[PDB]
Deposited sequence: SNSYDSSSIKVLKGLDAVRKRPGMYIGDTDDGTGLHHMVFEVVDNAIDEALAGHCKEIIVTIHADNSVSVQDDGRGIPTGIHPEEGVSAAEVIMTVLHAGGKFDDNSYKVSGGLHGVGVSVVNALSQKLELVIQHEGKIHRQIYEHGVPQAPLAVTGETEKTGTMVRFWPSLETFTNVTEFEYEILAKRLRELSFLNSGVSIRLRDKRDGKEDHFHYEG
């Protein structure tokens, strides 16, 4: 529900981890990647691309199946409901992307599959309009890009390349075969963990 989100916004730290030391802020990046890494362990994703935007926004693009689009879409459901369809200083593990959505001033969702492109925009967890096809494609994959809420995150508010590179590096190693790339639009630094 709408309340479901209210609860998250009310006590973010309980779900995401500490909101003042940079922990929660970077964990917002990790949950999304973990979702992509799961699509890879499933056998459908081969490459993951993680980009830091100079507007202090982070995007994660994958070439997996694309969250099912058909009918509210199931994708909308994954983005707005707590442990959708199931059950559950670092906050929660596998908290779900709905929690990253709720704690985001803005989140943009882009999905490709079945020859189409679908997009939807949310604000503080709320869809600003329905999910719609915007064009045609031959590729498949999910792209999530979000802008953390400044009413939730204090003190350490800007993403830091070093923190992500250490973890993405660990993730590729522990998940042999998965290719993850990291790019810093702020300075042109890029990394490829294989």
Subject >> Unmodelled ranges, which are counted on the deposited sequence from position 1 and given in order >> reply: 1-10, 82-86, 104-110, 217-219
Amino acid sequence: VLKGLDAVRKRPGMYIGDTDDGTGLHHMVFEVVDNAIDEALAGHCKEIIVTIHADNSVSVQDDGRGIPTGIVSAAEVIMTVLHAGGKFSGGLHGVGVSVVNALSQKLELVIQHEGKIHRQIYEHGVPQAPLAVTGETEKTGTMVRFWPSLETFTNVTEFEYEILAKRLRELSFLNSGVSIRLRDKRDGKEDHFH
From here on, numbers count along this sequence of modelled residues.
Original post:
Taking the recorded C-alpha temperature factors, which stretch has the higher mean, 106-114 or 78-86?
Top reply: 78-86
**OP:** Could you check the entry and say whether 11-19 or 175-183 has the higher mean CA B-factor?
**Re:** 175-183
Original post:
In this PDB entry, which of 52, 48, 168, 132 has the top CA B-factor?
Top reply: 132
Original post:
Between 162, 136, 63, 39, which one tops the list for C-alpha B-factor in the PDB entry?
Top reply: 136
**OP:** For residue 97, return the chain-relative third of its C-alpha B-factor as stated in the PDB record: lowest, middle or highest.
**Re:** middle
Original post:
Against its chain's modelled residues, does residue 151's Cα B factor rank lowest, middle or highest third?
Top reply: highest
